[PDB]
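Colleague: I'm passing along coords.cif; it holds mmCIF, C-alpha atoms.
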data_data
loop_
_atom_site.label_atom_id
_atom_site.label_comp_id
_atom_site.auth_asym_id
_atom_site.auth_seq_id
_atom_site.Cartn_x
_atom_site.Cartn_y
_atom_site.Cartn_z
CA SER A 1 -6.12 21.98 -75.27
CA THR A 2 -6.88 25.21 -77.13
CA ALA A 3 -6.71 26.16 -80.79
CA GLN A 4 -3.52 28.11 -80.10
CA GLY A 5 -2.11 25.19 -78.12
CA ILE A 6 -2.72 22.94 -81.11
CA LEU A 7 -1.21 25.52 -83.47
CA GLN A 8 1.96 25.71 -81.37
CA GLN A 9 2.29 21.91 -81.40
CA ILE A 10 1.79 21.72 -85.17
CA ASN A 11 4.34 24.48 -85.72
CA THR A 12 6.92 22.66 -83.60
CA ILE A 13 6.49 19.59 -85.81
CA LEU A 14 6.75 21.70 -88.97
CA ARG A 15 9.95 23.28 -87.65
CA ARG A 16 11.56 19.91 -86.87
CA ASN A 17 10.71 18.87 -90.45
CA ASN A 18 12.08 22.04 -92.14
CA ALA A 19 8.68 23.09 -93.46
CA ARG A 20 7.09 26.52 -93.33
CA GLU A 21 5.14 27.26 -90.17
CA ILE A 22 1.47 28.16 -90.51
CA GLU A 23 -0.52 31.04 -89.05
CA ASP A 24 -3.91 29.31 -88.74
CA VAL A 25 -4.69 25.61 -88.33
CA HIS A 26 -7.29 25.94 -91.12
CA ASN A 27 -4.35 26.17 -93.54
CA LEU A 28 -3.96 22.39 -93.12
CA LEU A 29 -7.64 21.40 -93.05
CA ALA A 30 -9.47 20.16 -96.13
CA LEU A 31 -12.88 18.68 -96.85
CA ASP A 32 -11.67 15.10 -97.24
CA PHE A 33 -9.94 15.05 -93.85
CA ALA A 34 -12.96 16.59 -92.15
CA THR A 35 -15.48 14.32 -93.88
CA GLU A 36 -13.45 11.17 -93.16
CA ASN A 37 -13.85 11.97 -89.45
CA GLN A 38 -17.56 12.93 -89.66
CA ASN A 39 -17.03 16.67 -89.16
CA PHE A 40 -19.78 17.76 -91.53
CA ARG A 41 -19.89 21.34 -90.16
CA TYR A 42 -16.47 22.18 -91.65
CA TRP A 43 -16.72 25.29 -93.86
CA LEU A 44 -15.33 24.75 -97.35
CA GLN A 45 -12.22 26.76 -98.21
CA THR A 46 -10.91 27.86 -101.60
CA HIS A 47 -8.94 24.66 -102.17
CA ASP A 48 -12.00 22.53 -101.37
CA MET A 49 -14.07 24.50 -103.91
CA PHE A 50 -11.85 23.33 -106.79
CA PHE A 51 -12.65 19.73 -105.95
CA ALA A 52 -16.33 20.57 -105.60
CA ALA A 53 -16.24 22.14 -109.07
CA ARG A 54 -15.21 18.78 -110.54
CA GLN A 55 -18.09 17.04 -108.76
CA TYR A 56 -20.52 19.50 -110.38
CA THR A 57 -18.70 19.26 -113.77
CA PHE A 58 -17.49 22.87 -113.76
CA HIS A 59 -13.67 22.68 -113.70
CA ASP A 60 -14.07 22.07 -117.42
CA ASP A 61 -16.60 20.57 -119.88
CA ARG A 62 -19.73 22.49 -118.77
CA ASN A 63 -12.58 24.52 -126.02
CA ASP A 64 -16.25 24.92 -125.06
CA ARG A 65 -18.61 27.90 -124.72
CA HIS A 66 -18.69 28.18 -120.89
CA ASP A 67 -16.14 30.07 -118.78
CA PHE A 68 -15.66 29.24 -115.11
CA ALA A 69 -13.90 31.01 -112.25
CA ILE A 70 -13.41 30.56 -108.52
CA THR A 71 -12.55 33.99 -107.19
CA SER A 72 -13.02 36.30 -104.22
CA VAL A 73 -13.81 39.89 -103.28
CA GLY A 74 -13.21 42.02 -100.20
CA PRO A 75 -5.48 44.65 -104.23
CA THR A 76 -8.64 46.79 -104.38
CA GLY A 77 -11.06 44.13 -103.12
CA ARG A 78 -12.46 43.87 -106.66
CA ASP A 79 -9.46 43.10 -108.88
CA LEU A 80 -9.73 39.30 -109.09
CA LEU A 81 -13.42 39.13 -110.01
CA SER A 82 -13.14 42.17 -112.31
CA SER A 83 -10.21 40.50 -114.09
CA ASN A 84 -12.25 37.32 -114.62
CA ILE A 85 -15.24 39.20 -116.03
CA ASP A 86 -12.95 41.24 -118.30
CA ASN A 87 -11.25 38.09 -119.60
CA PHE A 88 -14.70 36.63 -120.25
CA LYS A 89 -15.88 39.70 -122.15
CA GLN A 90 -12.77 39.49 -124.33
CA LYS A 91 -13.49 35.83 -125.13
CA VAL A 92 -17.08 36.79 -125.98
CA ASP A 93 -15.71 39.39 -128.40
CA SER A 94 -13.32 36.78 -129.80
CA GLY A 95 -16.33 34.51 -130.38
CA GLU A 96 -14.98 31.87 -128.00
CA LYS A 97 -17.43 32.03 -125.07
CA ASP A 98 -21.10 32.65 -124.37
CA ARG A 99 -21.38 32.32 -120.60
CA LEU A 100 -19.41 32.75 -117.37
CA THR A 101 -20.04 31.00 -114.07
CA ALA A 102 -18.27 32.60 -111.10
CA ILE A 103 -18.14 31.17 -107.57
CA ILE A 104 -17.21 34.06 -105.30
CA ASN A 105 -15.89 34.23 -101.74
CA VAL A 106 -17.36 37.37 -100.21
CA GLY A 107 -14.86 37.37 -97.34
CA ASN A 108 -16.16 35.83 -94.12
CA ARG A 109 -16.19 32.23 -95.39
CA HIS A 110 -19.33 32.95 -97.47
CA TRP A 111 -19.71 31.69 -101.04
CA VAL A 112 -22.19 33.04 -103.61
CA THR A 113 -22.81 32.40 -107.32
CA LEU A 114 -22.92 34.74 -110.33
CA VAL A 115 -23.75 33.57 -113.86
CA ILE A 116 -23.52 35.92 -116.85
CA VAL A 117 -24.85 34.97 -120.27
CA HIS A 118 -24.36 36.73 -123.59
CA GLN A 119 -27.14 36.40 -126.16
CA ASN A 120 -27.13 38.35 -129.44
CA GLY A 121 -25.49 41.51 -128.11
CA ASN A 122 -26.74 41.63 -124.50
CA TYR A 123 -25.22 40.55 -121.15
CA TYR A 124 -27.60 39.21 -118.48
CA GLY A 125 -26.49 38.30 -114.97
CA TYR A 126 -28.01 36.19 -112.22
CA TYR A 127 -26.78 36.29 -108.63
CA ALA A 128 -27.71 33.79 -105.93
CA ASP A 129 -26.82 33.75 -102.25
CA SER A 130 -28.10 30.69 -100.38
CA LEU A 131 -28.84 32.86 -97.33
CA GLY A 132 -31.74 34.41 -99.22
CA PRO A 133 -32.61 37.71 -100.88
CA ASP A 134 -30.77 40.68 -99.40
CA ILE A 135 -25.99 42.42 -103.63
CA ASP A 136 -22.48 42.81 -102.16
CA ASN A 137 -20.79 46.06 -103.00
CA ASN A 138 -17.55 44.59 -104.21
CA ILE A 139 -19.50 42.40 -106.59
CA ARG A 140 -21.48 45.35 -107.80
CA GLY A 141 -18.28 47.39 -108.10
CA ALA A 142 -16.64 44.63 -110.12
CA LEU A 143 -19.66 44.54 -112.43
CA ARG A 144 -19.53 48.32 -112.84
CA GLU A 145 -15.83 48.31 -113.74
CA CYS A 146 -16.63 45.77 -116.49
CA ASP A 147 -19.62 47.72 -117.87
CA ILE A 148 -22.24 45.14 -117.00
CA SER A 149 -25.44 47.12 -116.50
CA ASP A 150 -27.13 46.95 -113.10
CA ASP A 151 -30.50 46.74 -114.82
CA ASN A 152 -29.37 43.45 -116.40
CA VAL A 153 -28.12 41.74 -113.21
CA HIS A 154 -30.80 40.06 -111.15
CA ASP A 155 -30.78 38.73 -107.59
CA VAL A 156 -32.46 35.32 -107.95
CA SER A 157 -31.71 34.23 -104.38
CA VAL A 158 -34.11 32.02 -102.45
CA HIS A 159 -33.87 31.31 -98.74
CA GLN A 160 -32.07 27.96 -98.69
CA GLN A 161 -29.83 27.76 -95.62
CA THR A 162 -29.17 29.41 -92.28
CA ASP A 163 -26.39 27.24 -90.80
CA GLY A 164 -23.70 28.69 -93.09
CA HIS A 165 -21.40 25.67 -93.21
CA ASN A 166 -22.84 24.34 -96.50
CA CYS A 167 -22.84 27.59 -98.47
CA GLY A 168 -19.91 26.26 -100.51
CA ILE A 169 -22.00 23.35 -101.80
CA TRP A 170 -25.13 25.52 -102.19
CA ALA A 171 -23.10 27.80 -104.44
CA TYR A 172 -22.52 24.86 -106.80
CA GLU A 173 -26.11 23.62 -106.53
CA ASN A 174 -27.22 27.12 -107.53
CA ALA A 175 -24.73 27.46 -110.37
CA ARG A 176 -25.90 24.14 -111.80
CA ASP A 177 -29.53 25.23 -111.60
CA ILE A 178 -29.06 28.75 -112.97
CA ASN A 179 -27.17 27.22 -115.89
CA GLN A 180 -29.91 24.64 -116.48
CA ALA A 181 -32.57 27.36 -116.44
CA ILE A 182 -30.60 29.41 -118.97
CA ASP A 183 -30.09 26.33 -121.18
CA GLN A 184 -33.82 25.60 -121.12
CA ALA A 185 -34.71 29.26 -121.74
CA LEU A 186 -32.57 29.20 -124.88
CA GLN A 187 -34.70 26.26 -126.06
CA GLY A 188 -37.89 28.27 -125.48
CA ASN A 189 -38.94 27.18 -121.96
CA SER A 190 -39.07 30.85 -120.97
CA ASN A 191 -38.30 34.29 -122.37
CA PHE A 192 -35.49 36.61 -121.29
CA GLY A 193 -37.46 39.80 -121.81
CA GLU A 194 -35.75 43.13 -122.29
CA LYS A 195 -33.40 42.96 -119.27
CA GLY A 196 -33.06 39.21 -118.74
CA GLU A 197 -35.65 39.29 -115.95
CA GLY A 198 -38.04 36.93 -117.70
CA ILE A 199 -36.37 33.71 -116.53
CA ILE A 200 -36.11 34.61 -112.83
CA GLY A 201 -39.27 32.74 -111.83
CA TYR A 202 -38.10 29.61 -113.61
CA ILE A 203 -34.71 29.87 -111.86
CA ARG A 204 -36.40 30.25 -108.47
CA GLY A 205 -38.44 27.12 -109.17
CA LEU A 206 -35.22 25.12 -109.46
CA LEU A 207 -33.50 26.84 -106.52
CA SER A 208 -36.43 25.98 -104.23
CA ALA A 209 -36.51 22.29 -105.23
CA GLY A 210 -36.29 19.86 -102.33
CA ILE A 211 -36.29 22.38 -99.45
CA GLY A 212 -38.96 23.62 -97.10
CA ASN A 213 -42.41 22.47 -98.18
CA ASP A 214 -41.15 21.37 -101.61
CA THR A 215 -41.31 17.58 -101.92
CA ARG A 216 -39.24 17.12 -105.09
CA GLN A 217 -36.31 14.67 -104.92
CA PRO A 218 -33.59 14.93 -103.83
CA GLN A 219 -34.66 16.41 -100.50
CA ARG A 220 -31.68 18.66 -99.82
CA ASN A 221 -31.55 18.19 -96.06
CA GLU A 222 -28.55 17.67 -93.80
CA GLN A 223 -28.19 14.06 -94.94
CA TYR A 224 -28.06 15.19 -98.57
CA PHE A 225 -25.17 17.55 -97.83
CA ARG A 226 -23.34 14.88 -95.86
CA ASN A 227 -23.47 12.60 -98.92
CA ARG A 228 -22.35 15.41 -101.22
CA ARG A 229 -19.42 16.02 -98.86
CA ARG A 230 -18.60 12.31 -98.94
CA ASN A 231 -18.74 12.33 -102.74
CA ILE A 232 -16.61 15.47 -103.11
CA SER A 233 -14.06 14.04 -100.68
CA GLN A 234 -13.50 11.04 -102.95
CA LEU A 235 -12.07 13.34 -105.62
CA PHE A 236 -9.17 14.44 -103.39
CA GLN A 237 -7.27 11.23 -104.23
CA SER A 238 -3.26 15.61 -103.45
CA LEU A 239 -1.07 18.49 -104.65
CA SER A 240 -4.08 20.78 -105.00
CA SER A 241 -4.54 21.28 -101.24
CA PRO A 242 -2.04 22.84 -98.81
CA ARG A 243 -2.39 19.68 -96.72
CA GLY A 244 -1.65 17.46 -99.71
CA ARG A 245 1.41 19.51 -100.65
CA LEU A 246 2.80 19.25 -97.12
CA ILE A 247 2.24 15.47 -97.06
CA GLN A 248 3.87 14.99 -100.46
CA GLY A 249 6.75 17.21 -99.35
CA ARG A 250 7.23 15.40 -96.03
CA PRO A 251 5.83 11.88 -96.41
CA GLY A 252 4.72 10.42 -93.10
CA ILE A 253 4.33 13.74 -91.30
CA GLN A 254 0.57 13.12 -91.30
CA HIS A 255 1.17 10.63 -88.50
CA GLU A 256 2.36 13.53 -86.32
CA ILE A 257 -0.01 16.26 -87.51
CA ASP A 258 -3.30 14.42 -88.11
CA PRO A 259 -3.99 13.72 -84.38
CA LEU A 260 -3.67 17.45 -83.65
CA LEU A 261 -5.82 18.43 -86.65
CA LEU A 262 -8.54 16.08 -85.38
CA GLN A 263 -8.43 17.78 -81.98
CA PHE A 264 -8.74 21.17 -83.69
CA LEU A 265 -11.71 19.93 -85.74
CA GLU A 266 -13.45 18.72 -82.59
CA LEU A 267 -12.96 22.19 -81.07
CA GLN A 268 -13.70 24.46 -84.03
CA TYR A 269 -16.45 22.29 -85.59
CA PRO A 270 -18.07 20.09 -82.91
#
I need this file expressed as structure tokens, please.

Modeller:
Amino acid sequence: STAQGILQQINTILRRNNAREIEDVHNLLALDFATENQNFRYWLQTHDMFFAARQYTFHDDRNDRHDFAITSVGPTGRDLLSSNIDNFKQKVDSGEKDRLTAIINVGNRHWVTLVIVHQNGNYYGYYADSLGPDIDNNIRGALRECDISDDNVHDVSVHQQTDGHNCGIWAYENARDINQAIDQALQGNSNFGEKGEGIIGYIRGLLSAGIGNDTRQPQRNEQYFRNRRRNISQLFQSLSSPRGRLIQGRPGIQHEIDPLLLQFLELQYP
């Protein structure tokens, strides 16, 4: 069986059940289904990233001073992220927000993190890509259309992964740590300096924790990311994934589609 063979079989079942056919089998995959079958190389999609946000306490709660957005780049390639940064800058002017955390899909299944803080009239930004130091043009173009100065946006990336499949979780690990570094800098642990650059070394200390030669716990090895995947998957228990919407719309169809999805997972992500 091939991926297209599986897709044709799924689409026959969807047709019999008066549901919309799909164009890619990934449309019906989600982190919980993959993790329940021990496919830990599954790349997290946009719908999975909403559940991961709740695991890292981002969806809300960290009404409060922090803004949060899951967006993408690549209408113009920049409109969604630009719109989020604009809405944030308005809320800063309204006195409602101090900080924005954005988790950004840069197109080819790659997730990166951008955190912007406002402190007494200035906007400082910190960008992290788990692949290591390189910033993406659409990100830079979104920042330029929102008048965030390039001098005040800093690439704090550290080499953390090469496999690619865990960049979705690394994006949240890095957002947590950038936000902790900013929090501690506000309390005097470090100084921002004129352009916000002063905290970059402290950020990189947290981003490098538990990888390579660093012995700090948790060691963020493959087993660590398997357990994070298991923990994120527990939050799925429905309507927020395309799979969950199909199941709720056609209860019991999972008995016909899940065997084929498992075959696809074995092929795409062995």

Colleague: Can you pull out the residues contacting stretch 233-250 of chain A? Cut-off 9 Å, using all atoms listed in the file, and skip same-chain residues under 2 positions away; I want them as a ChimeraX atom specification.

Modeller: /A:17,19,27-36,47-48,50-52,54-55,228-231,252-254

Colleague: Write the residues of the preceding selection, restricted to C-alpha atoms, as a tab-separated table (two decimals), in the coordinates of the input.

Modeller:
chain	number	residue	atom	x	y	z
A	17	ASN	CA	10.71	18.87	-90.45
A	19	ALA	CA	8.68	23.09	-93.46
A	27	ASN	CA	-4.35	26.17	-93.54
A	28	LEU	CA	-3.96	22.39	-93.12
A	29	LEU	CA	-7.64	21.40	-93.05
A	30	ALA	CA	-9.47	20.16	-96.13
A	31	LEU	CA	-12.88	18.68	-96.85
A	32	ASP	CA	-11.67	15.10	-97.24
A	33	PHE	CA	-9.94	15.05	-93.85
A	34	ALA	CA	-12.96	16.59	-92.15
A	35	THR	CA	-15.48	14.32	-93.88
A	36	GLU	CA	-13.45	11.17	-93.16
A	47	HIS	CA	-8.94	24.66	-102.17
A	48	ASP	CA	-12.00	22.53	-101.37
A	50	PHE	CA	-11.85	23.33	-106.79
A	51	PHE	CA	-12.65	19.73	-105.95
A	52	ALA	CA	-16.33	20.57	-105.60
A	54	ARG	CA	-15.21	18.78	-110.54
A	55	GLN	CA	-18.09	17.04	-108.76
A	228	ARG	CA	-22.35	15.41	-101.22
A	229	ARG	CA	-19.42	16.02	-98.86
A	230	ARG	CA	-18.60	12.31	-98.94
A	231	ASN	CA	-18.74	12.33	-102.74
A	252	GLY	CA	4.72	10.42	-93.10
A	253	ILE	CA	4.33	13.74	-91.30
A	254	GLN	CA	0.57	13.12	-91.30

Colleague: Give the answer as one residue: which of A:199, A:25, A:14, A:103 has the shortest atom-to-atom distance to residue A:2, using only C-alpha atoms?

Modeller: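 Distance minimum relative to residue A:2 lands on A:25.
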
Colleague: Please give the centre and size of the box around stretch 196-211 of chain A (axis-aligned, containing every atom listed in the file, 6 Å added per side), with values in Å to one decimal and written as AutoDock Vina command-line options.

Modeller:
--center_x -36.2 --center_y 29.6 --center_z -109.1 --size_x 18.2 --size_y 31.4 --size_z 31.3

Colleague: Starting from the PyMOL selection byres ((chain A and resi 178-191) around 12), expand the selection into actual residues of this file and give them as a PyMOL selection string.

Modeller: chain A and resi 56-58+62+66-68+98-102+113-120+124-128+154-157+170-177+192-208

Colleague: If I take atom CA of residue A:142 and atom CA of residue A:72, how far is one from the other in Å, to one decimal?

Modeller: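 That distance, rounded to one decimal, is 10.8 Å.
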
Colleague: Within 12 Å of residue A:165, counting all atoms listed in the file, which residues show up once you throw out same-chain ones fewer than 2 positions away? Write them as JSON, numbers by chain, please.

Modeller: {"A": [31, 39, 40, 41, 42, 43, 44, 45, 108, 109, 110, 111, 130, 131, 161, 162, 163, 167, 168, 169, 170, 171, 222, 225, 226, 229, 269]}

Colleague: Record the distance separating atom CA of residue A:70 and atom CA of residue A:112, expressed in Å with one decimal.

Modeller: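 Going from atom CA of residue A:70 over to atom CA of residue A:112, I get 10.4 Å.
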
Colleague: Would you fill the gaps in stretch 193-209 of chain A so it has N, CA, C and O atoms, then print it as a PDB file, keeping the file's coordinate frame?

Modeller:
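The result, stored in selection29.pdb:
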ATOM      1  N   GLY A 193     -36.963  38.442-121.922  1.00  0.00           N
ATOM      2  CA  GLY A 193     -37.460  39.800-121.810  1.00  0.00           C
ATOM      3  C   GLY A 193     -36.348  40.791-122.118  1.00  0.00           C
ATOM      4  O   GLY A 193     -35.248  40.432-122.535  1.00  0.00           O
ATOM      5  N   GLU A 194     -36.646  42.065-121.857  1.00  0.00           N
ATOM      6  CA  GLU A 194     -35.750  43.130-122.290  1.00  0.00           C
ATOM      7  C   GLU A 194     -34.467  43.175-121.463  1.00  0.00           C
ATOM      8  O   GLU A 194     -33.409  43.541-121.987  1.00  0.00           O
ATOM      9  N   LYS A 195     -34.536  42.822-120.179  1.00  0.00           N
ATOM     10  CA  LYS A 195     -33.400  42.960-119.270  1.00  0.00           C
ATOM     11  C   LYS A 195     -32.890  41.627-118.758  1.00  0.00           C
ATOM     12  O   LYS A 195     -32.009  41.615-117.892  1.00  0.00           O
ATOM     13  N   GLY A 196     -33.400  40.509-119.271  1.00  0.00           N
ATOM     14  CA  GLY A 196     -33.060  39.210-118.740  1.00  0.00           C
ATOM     15  C   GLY A 196     -33.907  38.773-117.565  1.00  0.00           C
ATOM     16  O   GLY A 196     -33.689  37.675-117.035  1.00  0.00           O
ATOM     17  N   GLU A 197     -34.875  39.590-117.148  1.00  0.00           N
ATOM     18  CA  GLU A 197     -35.650  39.290-115.950  1.00  0.00           C
ATOM     19  C   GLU A 197     -36.623  38.144-116.166  1.00  0.00           C
ATOM     20  O   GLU A 197     -37.085  37.537-115.188  1.00  0.00           O
ATOM     21  N   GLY A 198     -36.920  37.811-117.423  1.00  0.00           N
ATOM     22  CA  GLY A 198     -38.040  36.930-117.700  1.00  0.00           C
ATOM     23  C   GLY A 198     -37.858  35.512-117.207  1.00  0.00           C
ATOM     24  O   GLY A 198     -38.852  34.799-117.035  1.00  0.00           O
ATOM     25  N   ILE A 199     -36.616  35.085-116.966  1.00  0.00           N
ATOM     26  CA  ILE A 199     -36.370  33.710-116.530  1.00  0.00           C
ATOM     27  C   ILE A 199     -36.241  33.577-115.022  1.00  0.00           C
ATOM     28  O   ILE A 199     -36.007  32.464-114.534  1.00  0.00           O
ATOM     29  N   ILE A 200     -36.406  34.662-114.264  1.00  0.00           N
ATOM     30  CA  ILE A 200     -36.110  34.610-112.830  1.00  0.00           C
ATOM     31  C   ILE A 200     -37.054  33.644-112.109  1.00  0.00           C
ATOM     32  O   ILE A 200     -36.640  32.907-111.203  1.00  0.00           O
ATOM     33  N   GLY A 201     -38.334  33.652-112.473  1.00  0.00           N
ATOM     34  CA  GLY A 201     -39.270  32.740-111.830  1.00  0.00           C
ATOM     35  C   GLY A 201     -38.934  31.286-112.104  1.00  0.00           C
ATOM     36  O   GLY A 201     -39.047  30.437-111.215  1.00  0.00           O
ATOM     37  N   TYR A 202     -38.493  30.980-113.324  1.00  0.00           N
ATOM     38  CA  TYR A 202     -38.100  29.610-113.610  1.00  0.00           C
ATOM     39  C   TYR A 202     -36.868  29.222-112.790  1.00  0.00           C
ATOM     40  O   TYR A 202     -36.794  28.107-112.253  1.00  0.00           O
ATOM     41  N   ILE A 203     -35.895  30.134-112.681  1.00  0.00           N
ATOM     42  CA  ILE A 203     -34.710  29.870-111.860  1.00  0.00           C
ATOM     43  C   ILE A 203     -35.129  29.595-110.416  1.00  0.00           C
ATOM     44  O   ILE A 203     -34.639  28.655-109.780  1.00  0.00           O
ATOM     45  N   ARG A 204     -36.020  30.427-109.871  1.00  0.00           N
ATOM     46  CA  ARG A 204     -36.400  30.250-108.470  1.00  0.00           C
ATOM     47  C   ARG A 204     -37.150  28.946-108.254  1.00  0.00           C
ATOM     48  O   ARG A 204     -37.082  28.380-107.160  1.00  0.00           O
ATOM     49  N   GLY A 205     -37.834  28.438-109.279  1.00  0.00           N
ATOM     50  CA  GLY A 205     -38.440  27.120-109.170  1.00  0.00           C
ATOM     51  C   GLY A 205     -37.411  26.017-108.962  1.00  0.00           C
ATOM     52  O   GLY A 205     -37.630  25.084-108.186  1.00  0.00           O
ATOM     53  N   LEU A 206     -36.272  26.110-109.649  1.00  0.00           N
ATOM     54  CA  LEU A 206     -35.220  25.120-109.460  1.00  0.00           C
ATOM     55  C   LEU A 206     -34.469  25.330-108.143  1.00  0.00           C
ATOM     56  O   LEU A 206     -34.066  24.355-107.491  1.00  0.00           O
ATOM     57  N   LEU A 207     -34.234  26.590-107.757  1.00  0.00           N
ATOM     58  CA  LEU A 207     -33.500  26.840-106.520  1.00  0.00           C
ATOM     59  C   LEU A 207     -34.271  26.389-105.290  1.00  0.00           C
ATOM     60  O   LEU A 207     -33.663  26.044-104.272  1.00  0.00           O
ATOM     61  N   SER A 208     -35.600  26.388-105.360  1.00  0.00           N
ATOM     62  CA  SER A 208     -36.430  25.980-104.230  1.00  0.00           C
ATOM     63  C   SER A 208     -36.742  24.484-104.229  1.00  0.00           C
ATOM     64  O   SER A 208     -37.479  24.027-103.348  1.00  0.00           O
ATOM     65  N   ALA A 209     -36.193  23.711-105.163  1.00  0.00           N
ATOM     66  CA  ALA A 209     -36.510  22.290-105.230  1.00  0.00           C
ATOM     67  C   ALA A 209     -35.952  21.551-104.013  1.00  0.00           C
ATOM     68  O   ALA A 209     -34.778  21.706-103.669  1.00  0.00           O
TER      69      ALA A 209
END
